[PDB]
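Presented below is the structure to which this report refers.
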Ligand SMILES: [Ca+2]
Ligand SMILES: [Ca+2]
Ligand SMILES: [Ca+2]
Ligand SMILES: [Ca+2]
Ligand SMILES: [Ca+2]
Ligand SMILES: [Cl-]
Ligand SMILES: [Cl-]
Ligand SMILES: [Cl-]
């Protein structure tokens, strides 16, 4: 497809293109990619990850700054003319990035320092703690090893049962905003507990919170 | 539980409260709600939908502007003092509203306009049991045919305004609970009453 016909001098937009021509651009992209000619410059339109939006690239090599910028402007125009809401692909990406934020992704920033501080406070030297329990409760569910510095974490928001994790692993889970490996809930301060707040219960076969 | 002791004159903040008192506030909210006394004014602290954040309301009726604003300032302070990041509940709600956006929530504005346009095209009327709309429970003046689901073949007559209301509020299909989509909307000539089935069926 060529759009040189619709070019205009001294400005960064093209003339009123007829819809059927744009539909053919959308078809050529929907196949794979659409190669548009402007002046005698190549631009490649590919369909974006979101349905109905299109993204342009400039197949260029060693061209003049003027040509680069003008080309980019024409891509912006083509993108706006093709896309829903007259958006550029960049704007589309920003909006989609906003959409793709998840529960607690923004509110974790405020809770983080408190949470890390609580981990830091609650962490203990495992071998000094002289835990009389079976090997399985000595090993972290993330590292699959006995940690040197260990931290007790509850199985869920309201669980009376906690497990021993590697401090570094807990720090990694919190810093990556990862879900609790069992409950899949967001990890929160109240889940973290100090060595003296939990005891091994032989009949339940688990560390239980103190009464 | 009272914070008047920690009040300060001519300003919107309280004195350095001792943590054990705040813990008791957190307990009283964690139960249900905590009733705080400030001056001789009631404020109710509830835990927000997000864990770790707290929201204050002023149980008031016909009180002085001064009292309203001062009360609200004290709620702002209490909220900031209690909440993570020193945020107000409002700010929390804004952040959470940002988080709660879903795929296509910003980018789908054209599907509303397309849907409304299709309703507009498909609606039929006078104006230059199967008669009554399942939403309005009335016979509409301007009616529109909508399919019971994505692949139903059976449609019902709705009030145009009701369909506009469903689409504008992004509401689920009242029967199938699917998202309402253009293909579900059909024009008068695409459906016929079938006596044996007792329903409007799509054309063959
Ligand atoms: Ca989101
Ligand atoms: Ca050690
Ligand atoms: Ca060791
Ligand atoms: Ca050692
Ligand atoms: Ca997460
Ligand atoms: Cl849009
Ligand atoms: Cl220790
Ligand atoms: Cl998950």
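Please average, across the residues of B:96-102, the number of beta carbons from any other chain that are within 10 Å of each residue's own beta carbon, and give a whole number. Intermediate values should be presented prior to the final figure.
Values: counts 4, 0, 6, 8, 3, 5, 2.
Partner Cβ neighbours, averaged per residue: 4.
Which angle from 0 to 90°, rounded to the nearest 10, does the C-alpha axis of helix A:65-82 make with the longest principal axis of chain A?
So the helix axis and the longest Cα principal axis differ by about 80 degrees.
Please express the shape of segment A:106-211 as an equivalent ellipsoid: the semi-axes are the square roots of 5 times the eigenvalues of the C-alpha gyration tensor, given largest first in whole angstrom.
Rounded to whole Å, the semi-axes are 22, 14, 13.
When the helices in the protein assembly as shown are scored as -39500 (n - 2.57) per DSSP H run of 4 or longer and the sum is shared across all residues, what 222 nm value do you end up with, to the nearest 500 deg cm²/dmol?
Values: 12 runs with 139 residues, N = 415.
Helices in the protein assembly as shown give a 222 nm mean residue ellipticity of -10500 deg cm²/dmol.
Dividing the alpha-carbon radius of gyration of segment B:15-71 by 2.2 N^0.38 Å (N being the number of residues), what value is obtained? Each step should come with its number before you reach the end.
Details: Rg = 12.5 Å, N = 57, 2.2 N^0.38 = 10.2 Å.
Output field value: 1.22.
Using per-residue counts of other Cβ atoms within 10 Å, averaged over each peptide, order A:125-137, A:146-158, B:168-180, A:167-179 from highest down.
Numbers: A:125-137: 11.5, A:146-158: 19.0, B:168-180: 13.3, A:167-179: 16.4.
Sorting A:125-137, A:146-158, B:168-180, A:167-179 by mean packing, highest first, produces A:146-158, A:167-179, B:168-180, A:125-137.
How are the C-alpha pair distances of chain B spread across 10 Å bins, as whole percents from the shortest bin up?
Reading upward from the zero bin: 7, 25, 17, 11, 16, 15, 7, 1, 0.
Express the relative contact order of chain A as a whole percentage, based on alpha carbon pairs under 8 Å and six or more residues apart in sequence. Don't skip to the answer; put the middle values down first.
Details: 291 pairs, mean separation 26.5, N = 211.
Answer for chain A is 13 percent.
Quick check: the angle from helix A:108-122's long axis to the longest principal axis of chain A, C-alpha only, nearest 10 degrees?
For A:108-122 against chain A, the angle is about 20 degrees.
Can you give the three extents of the C-alpha atoms in the protein assembly as shown along their principal axes, from longest to shortest, in whole Å?
Result, largest extent first: 78, 69, 59 Å.
If I take the Cα coordinates of segment A:1-105 and project them onto the principal axes, what are the three extents in Å, biggest first?
49, 32, 23
Relative to the longest principal Cα axis of chain A, at what angle does helix A:89-99 sit, 0 to 90 degrees, rounded to 10?
With rounding to tens, the tilt is 20 degrees.
No lab work stands behind these numbers, since they all come straight from the coordinates. Cβ sites come from the backbone with ideal geometry, for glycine too, and all protein chains shown count toward neighbours.
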